[PDB]
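S.K.: Okay, here's the structure, questions in a sec.
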Amino acid sequence: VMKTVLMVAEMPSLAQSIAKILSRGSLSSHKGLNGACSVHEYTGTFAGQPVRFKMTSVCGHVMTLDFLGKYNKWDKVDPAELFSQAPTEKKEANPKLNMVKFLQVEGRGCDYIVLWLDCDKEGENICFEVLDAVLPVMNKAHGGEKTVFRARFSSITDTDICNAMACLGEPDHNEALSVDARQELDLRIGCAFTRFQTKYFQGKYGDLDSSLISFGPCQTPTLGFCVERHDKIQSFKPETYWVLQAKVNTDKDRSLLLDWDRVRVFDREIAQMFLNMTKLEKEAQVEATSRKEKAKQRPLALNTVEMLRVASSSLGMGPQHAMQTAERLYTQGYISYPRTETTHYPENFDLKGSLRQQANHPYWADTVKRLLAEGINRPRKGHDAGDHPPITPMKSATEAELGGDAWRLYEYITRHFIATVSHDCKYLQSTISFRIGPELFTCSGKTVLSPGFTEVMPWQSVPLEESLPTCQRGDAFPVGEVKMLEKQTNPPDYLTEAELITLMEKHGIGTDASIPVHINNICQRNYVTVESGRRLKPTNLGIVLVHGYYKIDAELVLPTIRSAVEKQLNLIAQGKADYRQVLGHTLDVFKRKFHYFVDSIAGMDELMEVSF
Amino acid sequence: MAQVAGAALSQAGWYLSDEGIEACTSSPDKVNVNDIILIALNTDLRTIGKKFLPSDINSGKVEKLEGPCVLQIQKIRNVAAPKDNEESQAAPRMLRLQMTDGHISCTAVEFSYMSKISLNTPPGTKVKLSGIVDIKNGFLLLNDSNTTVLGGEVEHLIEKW
RNA sequence: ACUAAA
Ligand SMILES: [Mn+2]
Ligand SMILES: [Mn+2]
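Top line first, the protein sequences correspond to chains A and B. Here the first sequence stands for residues 0 to 611, numbered as in the authors' numbering. Here the second sequence stands for residues 1 to 161, numbered as in the authors' numbering.
In structure tokens, the structure reads:
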């Protein structure tokens with residue numbers, strides 16, 4: 000009779016990967032209960048004794064928080080009662096997979112448990128959830144002996160996994176408490192508000208009988224960004240301005256467009272004076288000549304924010320569609336995990352191998368083959384926030400195989416990987432300064448020397464320009480014509496989906512996976528409508544809500560509130576505060592907000608009445 | 001007697017109107033020019049001062065202005081930036097000074113970068129001009145070589161928020 | 001029906 004050790008992973012693909020590693024190619028695979036999960040069995044050594052290893056996976060959160068009993072039927076509970084009186088419980092997630100039963104039957108005879116879950120807050124929460132599931136069935140073990148384990152990993156290479164098995168740690172309770180508090184707050188504050196608003200506005204205005212008005216600490220600020228942009232667009236008064244341009248002819252039909260050093264002057268009389276003090280002269284002198292070699296930096300590693308931002312700007316894709324296509328590519332086995340914050344390649348990575356698989360594609364065969372002969376350049380050091388390695392290809396594909404919208408995403412990802420292991424562009428900058436009367440003019444121009452990573456990413460190419468003539472100080476060039484140009488300051492445009500993602504990440508609103516969902520939710524509720532080249536336009540209903548929130552209480556729509564509450568919840572994670580004191584205090588400050596909202600709800604009625 | 005005071009003010013470039021300012025400060029042993037400029041510096045040049053600038057600076061007829069003269073600033077505007085955002089790094093700074101002698105208004109333009117004058121200068125300070133200065137299209141052309149700020153406050157508030 | 005996050 001040999002002892003057994005049970006391991007849990009966060010997703011079956013990672014389970015299979017860590018099973019293939021660390022077992023030297025020996026596995027016994029079974030599918031038990033649910034069809035998604037699997038059990039991998041093998042033998043080995045642990046704590047100095049022979050042991051059998053059973054390792055399986057749990058698909059995401061086992062359980063989720065929801066209200067208990069009657070306090071979920073909308074017509075029989077007061078919304079204001081949701082803050083403190085309504086109890087909560089962690090019921091289940093995706094009930095069709097009996098995850099609790101599967102874990103119980105799997106850990107029937109296990110003596111140790113090692114958690115291979117992700118190194119993040121949600122990973123810790125799922126760790127404690129599975130742990131609570133499994134302890135009631137485990138063996139009683141012994142006295143002063145340590146049984147629960149946790150492993151820390153960020154890459155799926157052989158050496159890293161073996162090291163992570165060599166050194167083991169312990170979980171922490173404070174992070175799990177922090178995420179539990181976060182879940183409870185986001186449930187109550189937002190369920191109460193949505194229930195009140197939907198019950199109120201449906202019964203007073205008829206055009207929104209079947210619609211749903213929703214509030215939350217993640218989508219309301221997202222709507223607020225677009226409403227602020229619309230306010231700036233509609234509150235803009237254009238100005239008129241004058242720019243003075245000179246054309247200089249050097250040799251025969253060679254004409255150079257000079258640029259004014261003072262780029263713009265906003266006064267008619269001033270522009271007229273400068274024109275009158277320049278137009279008469281027919282001669283020019285050169286003052287300064289410059290020739291400086293500069294470089295264009297290669298792109299960093301690819302994370303999900305960058306992938307969505309480029310897919311929504313160049314590929315004409317939505318965020319949710321892009322992530323669904325990425326997930327399909329990942330589950331087929333062509334892209335490594337498509338939800339990461341990490342932009343730094345692990346030190347022990349097979350960079351050479353992954354670049355070799357692309358050597359037989361006609362699109363970039365020449366560049367890849369050359370790059371392996373002269374050596375690979377080191378990738379740029381970025382941010383390594385644990386989690387999973389950056390998005391990189393794993394297998395060779397041809398357009399006939401993937402086809403359609405799936406192929407366009409594959410090309411950009413695999414062009415990013417080749418670019419990040421290539422050389423920087425080296426372009427020469429030339430400037431010549433002129434003097435036509437008591438004014439200073441300048442001309443620019445760029446010529447490329449080594450294209451570098453421009454070859455695999457054509458759209459980031461230095462534009463082709465002629466070659467500023469080689470002229471030294473004291474050379475004389477006749478002037479052809481000088482004249483003004485009446486220009487007007489253009490007004491900005493509506494926010495693009497690419498720009499919004501930057502604003503979400505800058506203010507800490509949403510995670511790597513909730514960003515696509517929040518953008519889609521505000522589209523489904525008819526708050527915003529997508530139009531033209533992926534531009535978000537506030538709908539008449541959306542404008543009233545955000546404008547109404549400013550009059551009532553601004554810090555329900557202000558972006559900075561989300562970062563503030565996260566800071567307080569982080570204090571629990573460090574252990575320097577208490578779970579109930581922080582949760583209770585934050586509930587109290589928001590509870591009085593609902594009362595001030597309900598008794599002063601007439602503020603939005605004035606704005607809604609005109610627009611319905 | 002104030003003949004010496006009149007000669008001193010004429011030489012220095014201050015052009016006070018009459019003996020009203022003389023009678024304003026009639027303290028004993030207080031007939032000194034070097035500290036009679038002190039009170040006039042804060043005193044409103046709109047209220048006090050004579051008319052010796054030409055009649056048609058803005059007409060464009062005149063070309064060059066001679067002699068050192070003290071004048072008062074009224075409004076400051078950055079003509080290289082839009083009104084919505086006064087500050088802007090997209091264009092080099094360029095100021096359109098509005099200047100006065102007490103009765104006649106004039107407009108001056110900054111060419112070269114000046115460290116003494118900025119947007120935050122008090123709306124009532126005094127600047128002294130030395131040497132020959134150029135007038136183009138009725139506008140003064142001020143450079144770093146012919147400007148001397150003298151400070152002073154004329155109890156004009158900010159009137160902005 | 002809701003909020004959020006794997
Ligand atoms: Mn995860
Ligand atoms: Mn994440």
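Note that the Cβ used here is the ideal one computed from N, Cα and C, for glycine as well.
When you compare the segment 468 to 484 of chain A with the segment 245 to 252 of chain A, are there three or more beta-carbon pairs, one atom per stretch, that lie closer than 8 Å?
M.R.: Yes, the segment 468 to 484 of chain A is in contact with the segment 245 to 252 of chain A.
S.K.: So does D117/A have its beta carbon nearer than 6 Å to some heavy atom of ligand 1?
M.R.: Answer for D117/A: yes, Cβ within range of ligand 1.
S.K.: Looking at the structure shown, is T528/A part of a helix, part of a strand, or coil, going by DSSP?
M.R.: Strand.
S.K.: Identify the contact partners of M94/B in chain A, using a Cβ-Cβ distance below 9 Å as the criterion.
M.R.: What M94/B touches in chain A: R261, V264, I269.
S.K.: If we define contact as Cβ-Cβ less than 7 Å, is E238/A a contact residue for chain B?
M.R.: So, interface residue.
S.K.: Measure how close the beta-carbons of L167/A and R187/A come, nearest whole angstrom, since I'm counting them as under 8 Å.
M.R.: Not quite, the Cβ-Cβ distance comes to about 37 Å (not below 8 Å), so this is no contact.
S.K.: Any beta carbon of chain B sitting closer than 7 Å to that of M272/A?
M.R.: Closer than 7 Å to some Cβ of chain B, the Cβ of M272/A qualifies, so yes.
S.K.: How is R407/A classed by DSSP in three states: helix, strand or coil?
M.R.: The answer is helix: DSSP assigns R407/A an H, G or I state.
S.K.: At 7 Å on the CB atoms, spell out the chain B contacts of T488/A, in chain order.
M.R.: Within 7 Å Cβ-Cβ: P82.
S.K.: So with CB distances below 8 Å, who are the chain B contacts of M483/A?
M.R.: Chain B residues near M483/A: none, gap ~14 Å exceeds 8 Å.
S.K.: What is the DSSP secondary structure of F433/A, counted as helix, strand or coil?
M.R.: Here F433/A sits in strand by DSSP.
S.K.: What are the boundary residues of the beta strand (DSSP E) that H29/A is part of?
M.R.: Here the beta strand (DSSP E) through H29/A covers 27 to 29.
S.K.: Is there contact here, the segment 67 to 86 of chain A with the segment 38 to 57 of chain A, by at least three beta-carbon pairs under 8 Å?
M.R.: The segment 67 to 86 of chain A, when compared against the segment 38 to 57 of chain A, does not touch it at the 8 Å Cβ threshold.
S.K.: 7 Å is my cut-off, CB to CB: does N137/B come that close to chain A?
M.R.: Yes, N137/B lies at the interface with chain A (some Cβ there is under 7 Å from its Cβ).
S.K.: Going by CA-CA distance only, name the one from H422/A, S395/A, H320/A, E280/A that's closest to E373/A.
M.R.: Measuring from the Cα of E373/A, the nearest candidate turns out to be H422/A.
S.K.: Please state if the CB of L467/A and the CB of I431/A are separated by a distance shorter than 7 Å.
M.R.: Result yes, Cβ atoms of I431/A and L467/A sit closer than 7 Å.
S.K.: Name, please, each residue of chain B whose Cβ falls closer than 7 Å to the Cβ of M276/A.
M.R.: By Cβ distance, chain B contributes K136.
S.K.: In whole angstroms, what is the alpha-carbon distance linking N302/A and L314/A?
M.R.: Rounded to whole angstroms, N302/A to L314/A spans 17 Å at the Cα level.
S.K.: Could you tell me the alpha carbon to alpha carbon distance between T43/B and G67/B, rounded to whole angstroms?
M.R.: When rounded, the distance between both Cα atoms is 23 Å.
S.K.: Below 6 Å, is the gap between the Cβ of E174/A and the nearest heavy atom of ligand 1?
M.R.: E174/A: no, Cβ never under 6 Å from ligand 1.
S.K.: Sorted by chain position, which residues of the same chain lie with C-beta nearer than 6 Å to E88/A's C-beta, five sequence neighbours on each side aside?
M.R.: The answer, listed in chain order, is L67.
S.K.: For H584/A, does the count of other Cβ atoms within 10 angstroms reach 16, so buried, or fall short, so exposed?
M.R.: Answer is exposed; the Cβ neighbour count stays below 16.
S.K.: Look up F139/B in the DSSP assignment and give the residues it is bridged to.
M.R.: The partner list for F139/B (beta bridge, DSSP) reads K136/B.
S.K.: Hey, would you say the C-beta of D159/A is under 6 Å away from at least one heavy atom of ligand 2?
M.R.: Because no heavy atom of ligand 2 lies under 6 Å away, the Cβ of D159/A does not count as near it: no.
S.K.: Tell me whether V455/A is buried or exposed, calling it buried when 16 or more other Cβ atoms sit within 10 Å of its Cβ.
M.R.: With 16 or more Cβ atoms within 10 Å of its Cβ, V455/A is classed as buried.
S.K.: Any heavy atom of ligand 2 closer than 6 Å to the Cβ of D511/A?
M.R.: Indeed, a heavy atom of ligand 2 lies less than 6 Å from the Cβ.
S.K.: In angstroms with no decimal places, state the Cα-to-Cα distance between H382/A and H360/A.
M.R.: Taking the straight line from one Cα to the other gives about 31 Å.
S.K.: Can you list, in chain order, the residues of its chain whose CB lies under 7 Å from that of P437/A, leaving out five sequence neighbours each side?
M.R.: Cβ neighbours of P437/A beyond the five flanking positions: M276.
S.K.: At 9 Å on the CB atoms, spell out the chain A contacts of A2/B, in chain order.
M.R.: Chain A residues near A2/B: none, gap ~42 Å exceeds 9 Å.
S.K.: Please return the same chain residues whose Cβ sits closer than 8 Å to the Cβ of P337/A, not counting the five positions on each side in sequence.
M.R.: Cβ neighbours of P337/A beyond the five flanking positions: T303, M306, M322, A325, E326, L328, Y329, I390.
S.K.: Within a Cβ cutoff of 6 Å, which residues of the same chain sit near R46/B, ignoring the five residues on either side of it in sequence?
M.R.: Once the five neighbours on either side are set aside, the close Cβ partners of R46/B are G102.
S.K.: Out of curiosity, what's the CA-to-CA distance linking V447/A and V367/A?
M.R.: Distance between the alpha carbons of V447/A and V367/A: 21 Å.
S.K.: For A91/B, which residues in chain A fall below 8 Å Cβ to Cβ?
M.R.: Near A91/B (Cβ distances below 8 Å), the residues of chain A are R261, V262, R263.
S.K.: What I want to know is whether the C-beta of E123/A ends up closer than 6 Å to one or more non-hydrogen atoms of ligand 2.
M.R.: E123/A: no, Cβ never under 6 Å from ligand 2.
S.K.: If I measure Cβ to Cβ from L141/B and keep anything under 8 Å in the same chain, skipping five residues before and after, which residues do I get?
M.R.: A108, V109, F111, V133, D134, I135, listed in sequence order.
S.K.: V62/B versus chain A: which residues are under 9 Å apart at the beta carbon?
M.R.: Correct list: empty, because the minimum Cβ distance to chain A is about 14 Å.
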